[PDB]
Amino acid sequence: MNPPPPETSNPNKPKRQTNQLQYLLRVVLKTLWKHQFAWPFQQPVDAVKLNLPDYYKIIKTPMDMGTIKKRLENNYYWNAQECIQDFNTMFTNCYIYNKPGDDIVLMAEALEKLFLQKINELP
Ligand SMILES: Cc1ccc(N(C)C(=O)c2ccc3c(c2)N(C2CC2)[C@H](C)C(=O)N3C)cc1
Numbered sequence: 043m044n045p046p047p048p049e050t051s052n053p054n055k056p057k058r059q060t061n062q063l064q065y066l067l068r069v070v071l072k073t074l075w076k077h078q079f080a081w082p083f084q085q086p087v088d089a090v091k092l093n094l095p096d097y098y099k100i101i102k103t104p105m106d107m108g109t110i111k112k113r114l115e116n117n118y119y120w121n122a123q124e125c126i127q128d129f130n131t132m133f134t135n136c137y138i139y140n141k142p143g144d145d146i147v148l149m150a151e152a153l154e155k156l157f158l159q160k161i162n163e164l165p
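Taking PDB author numbering, I'd label the letters of the sequence shown as residues 43 to 165.
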């Protein structure tokens, strides 16, 4: 079974649209989104489709770029650090569940290097 996806809307939450959060959506996420290796990370891991019933027994804080994109489009975050933390959870989950040298890890490593290049300087 797949768990419910992470929440992307929360009215009880203080929201903000800072210059950096706009940049994280308009330039950072949407550059990463078009990368040739982005597709595994554009939605939650479908453990049912992959027949990996073990994935959510190991990864207890799932995150993906589809969730992040929705959060940004809902002004879910208070600051850019919260959004950057979600990206880093996504990469770290991949490094936890898989092993160095695995194909999915090469993909995440390529995406993470681009991510770090783009957030090195924020508005
Ligand atoms: C090289 C590769 C890439 C994509 C897939 N396909 C079809 C996925 O749907 C998929 C999406 C996301 C992940 C994964 C598969 N893998 C599994 C491959 C170990 C683990 C759970 C993971 O960490 N992520 C992020 C299969 C192989």
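Even for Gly, the Cβ is constructed at its ideal location relative to N, Cα and C.
DSSP, read as helix, strand or coil, puts residue 101 in coil. If you draw a straight line from the Cα of residue 60 to the Cα of residue 113, it is about 14 Å long.
Within its own chain, the residues whose Cβ lies closer than 7 Å to the Cβ of residue 165, once the five positions on either side in sequence are excluded, are 61, 62 and 65, listed in chain order.
Judged by DSSP in its simplified three-state form, residue 147 adopts helix. Taking all protein chains shown into account, residue 103 has fewer than 16 neighbouring C-beta atoms within 10 Å of its C-beta and is therefore exposed.
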